[PDB]
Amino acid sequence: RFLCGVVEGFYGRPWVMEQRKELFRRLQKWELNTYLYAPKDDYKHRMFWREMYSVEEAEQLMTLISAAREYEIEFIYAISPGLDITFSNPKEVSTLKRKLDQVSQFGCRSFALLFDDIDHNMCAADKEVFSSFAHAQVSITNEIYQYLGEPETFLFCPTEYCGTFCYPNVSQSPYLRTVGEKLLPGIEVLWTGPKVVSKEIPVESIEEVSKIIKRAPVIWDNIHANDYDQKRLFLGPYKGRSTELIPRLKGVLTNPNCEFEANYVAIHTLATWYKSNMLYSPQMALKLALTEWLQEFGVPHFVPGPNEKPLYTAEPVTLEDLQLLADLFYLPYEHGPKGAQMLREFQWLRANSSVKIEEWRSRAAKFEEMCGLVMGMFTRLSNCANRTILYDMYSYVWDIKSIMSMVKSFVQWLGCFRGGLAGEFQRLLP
């Protein structure tokens, strides 16, 4: 009973109901099975966790939950009361149960209590009735598991959800020790890897955590999350997670890009990786993902003479175009092959600038040609028929086209306020 799919768990503009339904369509298609509802800035999920859904909100959640049954996706409703709750106060515990009862009434079987990204300092009144912070969470958590009659699927995200976040370390964490002991064994535990956005989730780290968690954890994977850096998109494939981890985990839910339509690769290649050992090749999973993704660009959501201006809209998006895009907007820790290369070629064309000086002039002329592929990719994308995809990635495609059209003017100049205030500070740090 392995939970594998998508947590809508990021900061900023949540997905709307139309997009979530369509995500169910895509999860079923690729043979994944779980959706965790946890959008940090959907007001009633965290900031106003006490507030009851209105009739209109109730109706849209009922329809969305129905839509998840219709596509054989398990809908897990998460709630985040960490910022605000007095755990010792029973009227608070009552408020949380009322909120979770309304959601069961919408036809929701599965649930989650998240405690991630809050400070570990309790109030005077919780300090009295509870030993440590973990104790207070485990109490509230278990009592809710039980009140809801021990559902099959009931997740718990600890405040210490990655390696780095464990004080003083993983295996001697007194917050985590208490989670493995006092928290009921039917409740599952969420974990992001060594770090918040793990580069790798190695098997050593999962055995280690399991030992003190005293369970196989559900992985909350932030590998493709772009909520933390305005300029960054992640179109690269699932990587740094081995097929070997599947038997050591109760599940893997990926928290991908804020822009819905850019999670084709992230959610596709994750399915390639799950099929693999229910072995896995990143560079092949991606070509598989990109080839199918290319299908959507041509579906919405004169034949000029030899003396006449040719059609600007003539050329359509091509698997090469998309392959470049993905290399430009790859992963949180490596650029794609063509990306890291364009970069190197620029570093050297800048250093060895030479006022056998021919190795340069017909080497930075292969660059003026490769900078024109970035420009070509934007122009064809700006003309594609699926405007929904374009709009979702417009800001990012424009940005990289702009920096490469300025890097071009430069690496062809050597032969003859950008970012606002945030930028001016950035350019004065490390």
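Position 1 is the first residue in the sequence shown; the rest follow in order. If you superpose the two forms and keep the largest set of C-alpha atoms that fall within 1.5 Å, you have the rigid core.
RMS CA shift, core-fitted in 5 other deposited structures of this protein, bigger for 356-364 or for 225-233: When 356-364 and 225-233 are compared in 5 other deposited structures of this protein, the bigger C-alpha shift is seen for 356-364.
Greater Cα displacement in 5 other deposited structures of this protein once the core is superposed, comparing 285-293 with 346-354: Stretch with the higher C-alpha RMS distance in 5 other deposited structures of this protein: 346-354.
With respect to the deposited sequence, how many residues separating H301 from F302 are not represented by coordinates: none, 1 to 3, 4 to 9, or 10 or more? According to the record, 10 or more deposited residues lack coordinates from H301 to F302.
Pick between 370-378 and 390-398: the one whose mean CA B-factor in the entry is higher. Mean B over CA atoms: larger for 370-378.
Mean C-alpha B factor from the entry: is it higher for 359-367 or for 55-63? The stretch with the larger average C-alpha B-factor is 359-367.
Out of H335, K195, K99, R232, which shows the largest CA B-factor listed in the entry? Result of the comparison over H335, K195, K99, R232: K195.
Top residue by Cα temperature factor, when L270, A124, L148, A134 are compared in the entry: Answer for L270, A124, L148, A134: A124, with the highest C-alpha B-factor.
If you rank every modelled residue in this chain by C-alpha B factor, which third holds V7: lowest, middle or highest? Ranked within chain, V7 CA B lands in the lowest tercile.
Considering every modelled residue of the chain and its Cα B-factor in the PDB entry, is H224 in the lowest, middle or highest third? Lowest third, going by the recorded CA B-factors of the chain.
When the modelled residues of the chain are sorted by Cα temperature factor, does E200 land in the lowest, middle or highest third? Ranked within chain, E200 CA B lands in the highest tercile.
Ranked against its chain, the third holding the CA B-factor of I76: It falls in the bottom third of the chain.
Ranked against its chain, the third holding the CA B-factor of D321: Tercile = middle for this residue's CA B-factor.
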